Amino acid sequence: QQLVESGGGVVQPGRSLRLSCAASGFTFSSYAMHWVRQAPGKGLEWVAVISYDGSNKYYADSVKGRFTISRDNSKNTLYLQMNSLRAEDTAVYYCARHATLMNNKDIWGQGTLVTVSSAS
Amino acid sequence: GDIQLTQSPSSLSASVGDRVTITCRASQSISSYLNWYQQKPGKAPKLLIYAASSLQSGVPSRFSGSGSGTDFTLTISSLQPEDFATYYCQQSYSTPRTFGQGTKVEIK
Amino acid sequence: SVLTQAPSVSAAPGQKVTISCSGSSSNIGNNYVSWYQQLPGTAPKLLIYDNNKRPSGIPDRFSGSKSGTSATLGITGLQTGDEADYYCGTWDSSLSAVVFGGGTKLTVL
Amino acid sequence: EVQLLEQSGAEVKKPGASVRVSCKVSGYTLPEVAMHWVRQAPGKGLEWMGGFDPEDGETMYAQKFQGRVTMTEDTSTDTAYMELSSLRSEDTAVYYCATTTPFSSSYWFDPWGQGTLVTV
Amino acid sequence: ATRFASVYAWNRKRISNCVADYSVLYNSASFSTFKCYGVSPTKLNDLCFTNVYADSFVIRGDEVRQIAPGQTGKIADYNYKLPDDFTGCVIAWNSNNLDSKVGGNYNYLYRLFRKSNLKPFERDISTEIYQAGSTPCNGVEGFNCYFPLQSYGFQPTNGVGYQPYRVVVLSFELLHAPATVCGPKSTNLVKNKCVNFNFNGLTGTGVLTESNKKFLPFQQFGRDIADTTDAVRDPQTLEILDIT
Amino acid sequence: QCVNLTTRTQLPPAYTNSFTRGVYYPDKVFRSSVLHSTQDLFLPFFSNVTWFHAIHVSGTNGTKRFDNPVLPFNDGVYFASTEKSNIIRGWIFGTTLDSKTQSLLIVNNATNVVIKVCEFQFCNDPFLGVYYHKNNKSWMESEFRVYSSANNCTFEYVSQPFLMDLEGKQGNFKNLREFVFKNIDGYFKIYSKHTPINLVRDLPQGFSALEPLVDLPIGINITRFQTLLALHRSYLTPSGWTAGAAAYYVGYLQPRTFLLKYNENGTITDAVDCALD
Ligand SMILES: *[C@@H]1O[C@H](CO)[C@@H](O[C@@H]2O[C@H](CO)[C@@H](O)[C@H](O)[C@H]2NC(C)=O)[C@H](O)[C@H]1NC(C)=O
Ligand SMILES: *[C@@H]1O[C@H](CO)[C@@H](O)[C@H](O)[C@H]1NC(C)=O
């Protein structure tokens with residue numbers, strides 16, 4: 001039913017910041033989950049998947065920074081660590097789901113700002 | 001390579017009661033795997049059509065999808081004062097997924 | 001705060017001198033008294049509780065007394081490492097809370 | 001007997017903020033023993049704060065500071081949060097986590113808390 | 001029960017070592033589709049069972065005819081499979097006043113596809129992606145591959161054919177194991193009459209009377225010098241009954 | 001949890017002699033003033049019984065000795081205790097005293113004893129911790145100071161407390177409490193009794209009849225066990241543990257033929273072993 005996100009903030013470039021997003025209402029477990037990016041004034045750009053029902057991780061090669069994705073399924077939560085930062089990634093992120101002709105499960109988080117800059 | 005999307009027009013300033021056709025074109029032949037979203041700027045993207053030809057709960061038939069292959073169509077009809085926002089198409093054919101650049105329907 | 005003791009006191013090493021704290025019947029009169037020690041930028045350590053009970057690890061050389069509204073903290077066998085501030089406290093029913101004095105920083109001469 | 005966890009850590013919050021203080025324990029469980037709080041300003045004395053009442057079973061709040069600071073408890077994780085609000089001039093200081101016994105008056109506190117400064 | 005799961009993860013309850021209340025099953029009479037097998041439903045009141053499997057789920061009001069031992073259709077194809085030789089009863093009724101909610105019921109689910117027909121009585125909770133075409137999707141969704149599961153759409157705005165049934169299925173067997181679950185018979189006590197009897201499995205024939213000999217509570221029998229069963233206590237109403 | 005304090009102590013197990021003891025009713029059948037004879041597991045008379053101490057102060061100051069060993073079940077088990085102030089609750093009966101087997105966990109947590117037959121993880125020094133909640137001013141019992149994991153559980157049951165006090169008696173009773181544990185034929189049956197005793201420690205010459213409490217489907221072989229304890233926390237004095245003193249009696253059962261003399265009311269007094277002499 002509901003998705004909550006870890007806190008965004010201002011991080012210096014080259015660093016790492018783990019992204020937590022917990023589910024509620026129905027589990028993460030039976031589904032997949034995604035991350036997308038929205039820069040201000042820019043379109044929604046897909047980032048990376050997670051696939052718990054086997055195990056596989058796909059990343060966008062457009063932003064191929066080894067932003068690692070894995071689970072905490074028993075907390076219905078998902079972790080993607082912001083690795084190899086660069087300033088144009090300063091944006092808001094969303095926890096996502098795609099209706100793949102079968103489901104209607106597209107549920108979106110509230111959105112938190114990741115900021116990549118040396119100036120706080 | 002990647003699959004390119006082509007969302008046209010990328011904006012359309014509109015009026016009350018219109019019937020706007022927001023087109024999302026595709027670089028490949030995608031079966032029906034395309035969606036549509038409502039986003040007022042700052043909101044969560046509320047899904048509108050799934051599989052490019054099927055309505056959604058809470059969203060009446062003032063929105064109406066059709067198309068296949070390369071050509072996909074957002075059939076907005078009887079344009080309502082709440083429907084003026086920034087919208088999006090969506091592939092789910094391959095990996096990577098890309099989304100359209102958005103189409104802001106806004107009051108003339 | 002609401003209690004009475006001096007900012008500082010000094011004495012020669014190895015000597016015997018104590019420190020007292022003057023309360024009222026509303027605070028010390030019906031209530032038990034405690035005493036605390038802190039070194040600069042450190043953890044304030046319980047010295048004596050009830051004026052007759054030593055916590056575990058306290059030298060027996062410390063004693064205490066309560067005479068009316070006055071409570072003295074027995075301090076004997078001064079050491080070079082005994083220089084620090086000692087704090088009196090006792091339960092307060094007035095504001096129904098915990099109260100302390102300003103503290104008295106000992107100096108071993 | 002018992003050693004405790006720290007009170008906060010280092011919490012530095014510029015004016016226009018407010019800070020919780022989460023004091024955990026070890027060797028005991030949280031709700032077998034009552035916590036307490038004392039303001040200590042450097043170069044100054046003790047000012048008692050927060051606290052639990054052995055009588056009446058309430059968690060006390062220092063009348064002078066009452067309403068500005070609140071306390072909650074998670075019994076299993078031993079996390080007791082002390083939230084001070086509305087930063088002012090003289091209220092940046094070390095606030096000690098202390099613990100007397102609910103069974104008796106026990107004005108005597110736990111052997112020591114390690115202390116945490118705050119920021120205004 | 002207050003909460004039946006769907007058919008992709010149907011609940012199963014092994015039941016034995018108790019007694020069957022088969023009377024009010026027929027006296028319920030609020031049940032839409034209530035059929036049985038093995039031998040007649042009136043006959044099954046006493047003809048009893050070693051070990052029963054009570055498994056229940058919720059399906060649609062149209063697809064329930066798929067539930068029949070040895071048929072086809074989605075629920076019996078990929079969701080829940082009655083065997084080729086079956087004994088038990090299919091009990092089916094509507095729960096439209098509970099399940100289907102305004103604002104939409106989408107708690108319930110089912111599996112729509114799998115790469116084979118389903119083995120009998122085996123659930124399928126594996127929600128991984130099936131790849132219909134040859135293009136490997138490998139856990140994430142994609143092209144030629146779909147998601148496995150789908151919901152139902154339940155509201156009270158549905159017609160009568162689209163109403164949710166809480167189908168509970170009772171399945172039975174017979175083994176070297178004894179009839180651990182078995183229906184009746186409390187028999188009214190007869191005083192001073194030559195009467196065959198059974199108490200708690202103890203059997204004999206005697207004249208049962210009121211008797212003043214006084215047991216200790218945990219006890220069951222009395223006995224005489226000769227290792228006969230002299231006096232027994234009525235289990236249903238504790239009383240000391242001689243046996244002559 | 002699994003907080004542990006072995007505190008191992010030396011000295012020989014202090015033995016004793018059960019004079020007439022451990023005679024239960026091995027049937028429900030009511031009999032009156034007859035001599036009945038069966039050969040069954042019992043604790044034979046004039047037997048060696050180990051007066052063990054779970055907590056033992058030998059005075060200098062304090063010096064509480066926690067000795068209670070894991071003990072084999074052997075054929076059958078007898079148990080006896082006084083414990084005016086209860087410190088004893090239940091027993092850990094099992095085989096591995098671990099997972100891989102079931103576990104018989106008797107907890108007489110006040111007041112609803114929740115017998116448990118499950119698969120647990122029993123710690124190296126298991127016992128029930130008791131503390132003070134501060135919420136509702138109630139002494140809870142931390143049950144995972146006994147065992148870490150509770151899962152897989154096969155059986156569960158609840159009854160009225162077997163352990164029971166009376167007190168107000170400033171002694172002169174000691175409330176001597178006996179429990180017999182016999183594991184056979186899928187039924188592990190529990191027996192009990194409550195008796196006044198004025199003697200300082202050891203047992204009198206009287207007969208103790210034990211009724212079966214519950215006959216339960218257990219189906220496990222129990223080859224070893226240990227008792228359980230109730231301890232608490234104290235606060236600053238020159239943590240607190242080992243509430244009061246604790247000692248009990250244990251002896252092993254054995255097949256023997258007893259002649260059983262029922263009374264007019266079926267209360268067995270005189271029992272006689274055949275093989276005794
Ligand atoms: C009772 O439990 C014990 C395990 O403690 C089992 O006895 C073991 O039997 C094997 C032979 O199969 C011996 O090698 C072991 O030494 C025995 N254990 C001990 C501790 O001596 C036994 O299987 C169980 N009871 C039954 C009826 O199977
Ligand atoms: C019991 O122990 C005593 C020693 O205390 C010994 O003399 C005696 O032989 C033992 N008897 C039995 C039956 O164990």
# chains A, B, ... in the order shown; residues from 1 in each chain; ligands from 1
$ select_by_dssp --residues "range 192-221 of chain E" --states "strand (DSSP E)" --output "VMD selection string"
chain E and resid 194 to 199 202 to 210
$ write_last_selection --atoms "N, CA and C atoms" --output "CSV table (one decimal), in the first residue's frame"
chain,number,residue,atom,x,y,z
E,194,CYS,N,-30.8,-55.0,32.1
E,194,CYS,CA,-29.7,-55.8,31.4
E,194,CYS,C,-29.5,-55.0,30.2
E,195,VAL,N,-28.2,-54.5,30.0
E,195,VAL,CA,-28.0,-53.6,28.8
E,195,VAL,C,-26.5,-53.8,28.3
E,196,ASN,N,-26.3,-54.0,27.0
E,196,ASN,CA,-25.0,-54.0,26.6
E,196,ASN,C,-24.5,-52.5,26.7
E,197,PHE,N,-23.2,-52.3,26.8
E,197,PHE,CA,-22.7,-51.0,27.0
E,197,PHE,C,-21.3,-50.8,26.5
E,198,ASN,N,-21.0,-49.6,26.3
E,198,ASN,CA,-19.6,-49.1,26.1
E,198,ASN,C,-19.4,-47.8,26.9
E,199,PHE,N,-18.4,-47.7,27.7
E,199,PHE,CA,-18.0,-46.5,28.4
E,199,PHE,C,-16.5,-46.2,28.0
E,202,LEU,N,-14.4,-49.0,27.2
E,202,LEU,CA,-14.6,-50.1,28.0
E,202,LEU,C,-16.0,-50.7,27.7
E,203,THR,N,-16.0,-52.0,27.4
E,203,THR,CA,-17.2,-52.7,27.0
E,203,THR,C,-17.5,-53.9,27.9
E,204,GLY,N,-18.8,-54.1,28.0
E,204,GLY,CA,-19.3,-55.3,28.8
E,204,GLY,C,-20.8,-55.3,28.7
E,205,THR,N,-21.4,-56.2,29.6
E,205,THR,CA,-22.8,-56.2,29.7
E,205,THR,C,-23.2,-56.4,31.1
E,206,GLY,N,-24.1,-55.5,31.6
E,206,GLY,CA,-24.4,-55.6,33.0
E,206,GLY,C,-25.7,-54.8,33.3
E,207,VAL,N,-26.0,-54.6,34.5
E,207,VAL,CA,-27.1,-53.9,35.0
E,207,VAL,C,-26.6,-52.6,35.7
E,208,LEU,N,-26.7,-51.5,35.1
E,208,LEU,CA,-26.1,-50.2,35.6
E,208,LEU,C,-27.1,-49.6,36.6
E,209,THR,N,-26.5,-49.3,37.8
E,209,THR,CA,-27.3,-48.7,38.9
E,209,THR,C,-26.6,-47.5,39.4
E,210,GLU,N,-27.3,-46.8,40.3
E,210,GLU,CA,-26.6,-45.7,41.1
E,210,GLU,C,-25.9,-46.4,42.2
$ residues_near_ligand --ligand "ligand 2" --cutoff "7 Å" --atoms "only C-alpha atoms and all ligand atoms" --output "number ranges by chain"
F: 15, 47-48
$ write_last_selection --atoms "N, CA, C and O atoms" --output "tab-separated table (two decimals), in the first residue's frame"
chain	number	residue	atom	x	y	z
F	15	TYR	N	23.74	-37.84	49.94
F	15	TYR	CA	22.72	-38.83	49.67
F	15	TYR	C	21.72	-38.87	50.82
F	15	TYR	O	21.86	-38.19	51.84
F	47	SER	N	15.98	-46.56	49.32
F	47	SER	CA	16.84	-46.29	48.15
F	47	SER	C	17.77	-45.11	48.38
F	47	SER	O	17.49	-44.29	49.27
F	48	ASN	N	18.83	-45.03	47.59
F	48	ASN	CA	19.81	-43.92	47.66
F	48	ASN	C	19.26	-42.77	46.83
F	48	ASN	O	19.13	-42.93	45.61
$ interface_residues --of "chain C" --to "chain D" --cutoff "9 Å" --atoms "only C-alpha atoms" --output "PyMOL selection string"
chain C and resi 1+31-35+41-50+55-56+87+89-91+95-103
$ residues_near_ligand --ligand "ligand 1" --cutoff "9 Å" --atoms "only C-alpha atoms and all ligand atoms" --output "ChimeraX atom specification"
/F:72,95-96,220-224
$ select_by_dssp --residues "range 9-84 of chain E" --states "helix (DSSP H, G or I)" --output "list in words"
residues 22, 23, 24, 25, 26, 27, 28, 43, 44, 45, 63, 64, 65, 74, 75, 76, 77, 78 and 79 of chain E
$ atom_distance --atom1 "CA of residue 153 in chain E" --atom2 "CA of residue 73 in chain B"
26.3 Å
$ closest_residue --among "B:36, B:87, B:50, B:72" --to "residue 11 in chain B" --atoms "only C-alpha atoms"
B:87
$ closest_residue --among "F:230, F:245, F:97, F:236" --to "chain C" --atoms "only C-alpha atoms"
F:236
$ residues_around --residues "residue 61 in chain C" --least-positions-apart "4" --cutoff "12 Å" --atoms "only C-alpha atoms" --output "ChimeraX atom specification"
/C:14-18,47-48,52,54,57,73-79
$ residues_around --residues "range 179-188 of chain F" --least-positions-apart "4" --cutoff "9 Å" --atoms "only C-alpha atoms" --output "PyMOL selection string"
chain F and resi 22+24+41+75-81+192-193+210+212+214-222+253
$ closest_atom_pairs --of "chain E" --to "chain F" --cutoff "8 Å" --atoms "only C-alpha atoms" --output "tab-separated table"
residue	atom	partner	partner_atom	distance
E:214	CA	F:265	CA	6.7
E:215	CA	F:30	CA	5.8
E:216	CA	F:30	CA	7.1
E:218	CA	F:28	CA	6.2
E:219	CA	F:28	CA	3.5
E:220	CA	F:28	CA	4.6
E:221	CA	F:29	CA	3.9
E:222	CA	F:30	CA	4.1
E:223	CA	F:31	CA	5.9
E:224	CA	F:31	CA	7.1
E:225	CA	F:34	CA	7.2
$ interface_residues --of "chain F" --to "chain D" --cutoff "7 Å" --atoms "only C-alpha atoms" --output "ChimeraX atom specification"
/F:131-134,239
$ residues_around --residues "range 26-41 of chain A" --least-positions-apart "2" --cutoff "8 Å" --atoms "only C-alpha atoms" --output "PDB file with N, CA and C atoms, in the first residue's frame"
ATOM      1  N   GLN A   1       0.813  -1.209   0.000  1.00  0.00           N
ATOM      2  CA  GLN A   1       0.000   0.000   0.000  1.00  0.00           C
ATOM      3  C   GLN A   1       0.848   1.261   0.000  1.00  0.00           C
ATOM      4  N   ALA A  23       8.455  -1.193   2.479  1.00  0.00           N
ATOM      5  CA  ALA A  23       7.096  -1.323   1.981  1.00  0.00           C
ATOM      6  C   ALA A  23       6.116  -1.473   3.139  1.00  0.00           C
ATOM      7  N   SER A  24       4.829  -1.417   2.807  1.00  0.00           N
ATOM      8  CA  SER A  24       3.740  -1.561   3.762  1.00  0.00           C
ATOM      9  C   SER A  24       2.471  -1.860   2.983  1.00  0.00           C
ATOM     10  N   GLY A  43      12.915  14.718 -17.235  1.00  0.00           N
ATOM     11  CA  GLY A  43      12.003  13.597 -17.261  1.00  0.00           C
ATOM     12  C   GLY A  43      12.396  12.518 -16.273  1.00  0.00           C
ATOM     13  N   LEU A  44      11.470  11.584 -16.091  1.00  0.00           N
ATOM     14  CA  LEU A  44      11.685  10.455 -15.203  1.00  0.00           C
ATOM     15  C   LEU A  44      12.598   9.458 -15.902  1.00  0.00           C
ATOM     16  N   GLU A  45      13.766   9.217 -15.332  1.00  0.00           N
ATOM     17  CA  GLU A  45      14.756   8.332 -15.925  1.00  0.00           C
ATOM     18  C   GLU A  45      14.905   7.107 -15.042  1.00  0.00           C
ATOM     19  N   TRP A  46      14.665   5.940 -15.620  1.00  0.00           N
ATOM     20  CA  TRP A  46      14.794   4.685 -14.900  1.00  0.00           C
ATOM     21  C   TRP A  46      16.241   4.443 -14.490  1.00  0.00           C
ATOM     22  N   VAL A  47      16.420   3.812 -13.329  1.00  0.00           N
ATOM     23  CA  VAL A  47      17.755   3.618 -12.778  1.00  0.00           C
ATOM     24  C   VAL A  47      18.143   2.145 -12.733  1.00  0.00           C
ATOM     25  N   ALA A  48      17.438   1.346 -11.931  1.00  0.00           N
ATOM     26  CA  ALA A  48      17.850  -0.032 -11.705  1.00  0.00           C
ATOM     27  C   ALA A  48      16.677  -0.851 -11.191  1.00  0.00           C
ATOM     28  N   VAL A  49      16.741  -2.167 -11.413  1.00  0.00           N
ATOM     29  CA  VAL A  49      15.705  -3.091 -10.962  1.00  0.00           C
ATOM     30  C   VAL A  49      16.199  -3.826  -9.729  1.00  0.00           C
ATOM     31  N   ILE A  50      15.288  -4.542  -9.087  1.00  0.00           N
ATOM     32  CA  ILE A  50      15.630  -5.664  -8.232  1.00  0.00           C
ATOM     33  C   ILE A  50      14.643  -6.760  -8.596  1.00  0.00           C
ATOM     34  N   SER A  51      15.072  -8.011  -8.475  1.00  0.00           N
ATOM     35  CA  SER A  51      14.227  -9.153  -8.799  1.00  0.00           C
ATOM     36  C   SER A  51      14.410 -10.193  -7.710  1.00  0.00           C
ATOM     37  N   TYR A  52      13.534 -10.177  -6.707  1.00  0.00           N
ATOM     38  CA  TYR A  52      13.717 -11.096  -5.593  1.00  0.00           C
ATOM     39  C   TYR A  52      13.309 -12.526  -5.928  1.00  0.00           C
ATOM     40  N   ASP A  53      12.403 -12.723  -6.884  1.00  0.00           N
ATOM     41  CA  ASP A  53      11.799 -14.035  -7.099  1.00  0.00           C
ATOM     42  C   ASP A  53      12.781 -15.056  -7.671  1.00  0.00           C
ATOM     43  N   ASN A  73      14.201  -8.374   2.622  1.00  0.00           N
ATOM     44  CA  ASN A  73      12.869  -8.877   2.306  1.00  0.00           C
ATOM     45  C   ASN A  73      12.007  -9.035   3.548  1.00  0.00           C
ATOM     46  N   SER A  74      12.625  -9.430   4.661  1.00  0.00           N
ATOM     47  CA  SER A  74      11.876  -9.689   5.882  1.00  0.00           C
ATOM     48  C   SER A  74      11.434  -8.398   6.553  1.00  0.00           C
ATOM     49  N   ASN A  76      10.583  -5.960   4.274  1.00  0.00           N
ATOM     50  CA  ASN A  76       9.951  -5.433   3.058  1.00  0.00           C
ATOM     51  C   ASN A  76      10.623  -4.141   2.605  1.00  0.00           C
ATOM     52  N   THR A  77      11.949  -4.178   2.578  1.00  0.00           N
ATOM     53  CA  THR A  77      12.778  -2.998   2.430  1.00  0.00           C
ATOM     54  C   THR A  77      13.817  -3.313   1.364  1.00  0.00           C
ATOM     55  N   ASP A  89      23.768  13.768 -10.949  1.00  0.00           N
ATOM     56  CA  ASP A  89      22.848  12.838 -10.314  1.00  0.00           C
ATOM     57  C   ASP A  89      22.069  13.475  -9.171  1.00  0.00           C
ATOM     58  N   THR A  90      22.348  14.741  -8.847  1.00  0.00           N
ATOM     59  CA  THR A  90      21.599  15.470  -7.831  1.00  0.00           C
ATOM     60  C   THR A  90      20.144  15.614  -8.255  1.00  0.00           C
ATOM     61  N   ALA A  91      19.259  14.902  -7.564  1.00  0.00           N
ATOM     62  CA  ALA A  91      17.886  14.717  -8.025  1.00  0.00           C
ATOM     63  C   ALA A  91      17.059  14.126  -6.891  1.00  0.00           C
ATOM     64  N   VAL A  92      15.809  13.782  -7.207  1.00  0.00           N
ATOM     65  CA  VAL A  92      14.942  13.048  -6.289  1.00  0.00           C
ATOM     66  C   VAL A  92      14.825  11.622  -6.810  1.00  0.00           C
ATOM     67  N   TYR A  93      14.761  10.647  -5.908  1.00  0.00           N
ATOM     68  CA  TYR A  93      14.575   9.270  -6.344  1.00  0.00           C
ATOM     69  C   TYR A  93      13.211   8.743  -5.929  1.00  0.00           C
ATOM     70  N   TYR A  94      12.722   7.753  -6.679  1.00  0.00           N
ATOM     71  CA  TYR A  94      11.474   7.068  -6.374  1.00  0.00           C
ATOM     72  C   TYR A  94      11.652   5.557  -6.371  1.00  0.00           C
ATOM     73  N   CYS A  95      10.935   4.916  -5.455  1.00  0.00           N
ATOM     74  CA  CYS A  95      10.776   3.472  -5.426  1.00  0.00           C
ATOM     75  C   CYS A  95       9.614   3.117  -6.344  1.00  0.00           C
ATOM     76  N   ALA A  96       9.800   2.171  -7.259  1.00  0.00           N
ATOM     77  CA  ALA A  96       8.870   2.038  -8.372  1.00  0.00           C
ATOM     78  C   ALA A  96       8.437   0.603  -8.636  1.00  0.00           C
ATOM     79  N   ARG A  97       7.370   0.481  -9.423  1.00  0.00           N
ATOM     80  CA  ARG A  97       6.827  -0.794  -9.855  1.00  0.00           C
ATOM     81  C   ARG A  97       6.086  -0.582 -11.172  1.00  0.00           C
TER      82      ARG A  97
ATOM     83  N   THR E 127       6.600 -17.498  -7.276  1.00  0.00           N
ATOM     84  CA  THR E 127       6.143 -16.346  -8.034  1.00  0.00           C
ATOM     85  C   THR E 127       7.186 -15.812  -9.007  1.00  0.00           C
ATOM     86  N   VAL E 140      13.484 -10.733 -13.739  1.00  0.00           N
ATOM     87  CA  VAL E 140      12.800  -9.470 -13.964  1.00  0.00           C
ATOM     88  C   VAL E 140      11.814  -9.703 -15.099  1.00  0.00           C
TER      89      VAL E 140
END
$ closest_residue --among "A:103, A:12, A:68, A:6" --to "chain B" --atoms "only C-alpha atoms"
A:103
$ atom_distance --atom1 "CA of residue 36 in chain E" --atom2 "CA of residue 172 in chain E"
11.2 Å
$ closest_residue --among "F:241, F:92, F:85, F:231" --to "residue 142 in chain F" --atoms "only C-alpha atoms"
F:231
$ closest_residue --among "E:211, E:150, E:228, E:33" --to "chain A" --atoms "only C-alpha atoms"
E:150
$ residues_around --residues "range 7-13 of chain D" --least-positions-apart "3" --cutoff "9 Å" --atoms "only C-alpha atoms" --output "list in words"
residues 4, 16, 17, 18, 19, 20, 21, 22, 23, 24, 95, 96, 97, 113, 114, 115, 116, 117, 118, 119 and 120 of chain D
$ write_last_selection --atoms "N, CA and C atoms" --output "compact mmCIF listing (two decimals), in the first residue's frame"
# COMPACT_ATOMS: atom_id res chain seq x y z
N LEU D 4 26.70 0.88 30.39
CA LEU D 4 25.60 1.41 29.60
C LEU D 4 26.08 1.65 28.18
N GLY D 16 17.94 26.65 15.13
CA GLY D 16 16.84 26.23 14.28
C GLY D 16 16.70 24.73 14.12
N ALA D 17 16.95 23.96 15.18
CA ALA D 17 16.84 22.51 15.15
C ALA D 17 16.40 22.00 16.52
N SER D 18 16.29 20.67 16.62
CA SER D 18 15.99 20.00 17.88
C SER D 18 16.51 18.58 17.80
N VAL D 19 16.84 18.00 18.95
CA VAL D 19 17.63 16.77 18.98
C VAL D 19 17.06 15.79 20.00
N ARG D 20 16.86 14.55 19.56
CA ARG D 20 16.55 13.43 20.44
C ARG D 20 17.82 12.89 21.07
N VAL D 21 17.68 12.26 22.23
CA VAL D 21 18.81 11.65 22.92
C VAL D 21 18.41 10.22 23.29
N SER D 22 19.06 9.24 22.67
CA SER D 22 18.70 7.84 22.82
C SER D 22 19.78 7.12 23.61
N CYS D 23 19.45 6.77 24.85
CA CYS D 23 20.39 6.16 25.79
C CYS D 23 20.05 4.69 25.95
N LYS D 24 20.94 3.81 25.50
CA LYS D 24 20.69 2.39 25.66
C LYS D 24 21.53 1.84 26.82
N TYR D 95 24.20 16.73 28.57
CA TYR D 95 23.03 16.24 29.28
C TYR D 95 23.24 14.76 29.56
N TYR D 96 23.40 14.41 30.83
CA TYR D 96 23.79 13.06 31.22
C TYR D 96 22.59 12.14 31.29
N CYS D 97 22.74 10.94 30.75
CA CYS D 97 21.84 9.83 31.01
C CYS D 97 22.16 9.25 32.37
N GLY D 113 27.28 8.34 33.81
CA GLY D 113 26.88 8.38 32.38
C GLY D 113 28.06 9.04 31.70
N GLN D 114 28.31 8.81 30.41
CA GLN D 114 29.54 9.39 29.89
C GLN D 114 29.36 10.83 29.40
N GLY D 115 28.14 11.29 29.16
CA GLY D 115 27.89 12.67 28.80
C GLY D 115 27.85 12.93 27.31
N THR D 116 26.96 13.83 26.88
CA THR D 116 26.91 14.30 25.51
C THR D 116 26.56 15.78 25.48
N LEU D 117 27.40 16.58 24.82
CA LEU D 117 27.12 17.99 24.56
C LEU D 117 26.08 18.09 23.46
N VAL D 118 25.31 19.18 23.48
CA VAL D 118 24.40 19.49 22.39
C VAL D 118 24.82 20.80 21.75
N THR D 119 24.02 21.28 20.80
CA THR D 119 24.39 22.46 20.02
C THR D 119 23.15 23.31 19.77
N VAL D 120 23.31 24.62 19.89
CA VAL D 120 22.21 25.54 19.68
C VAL D 120 22.52 26.52 18.55
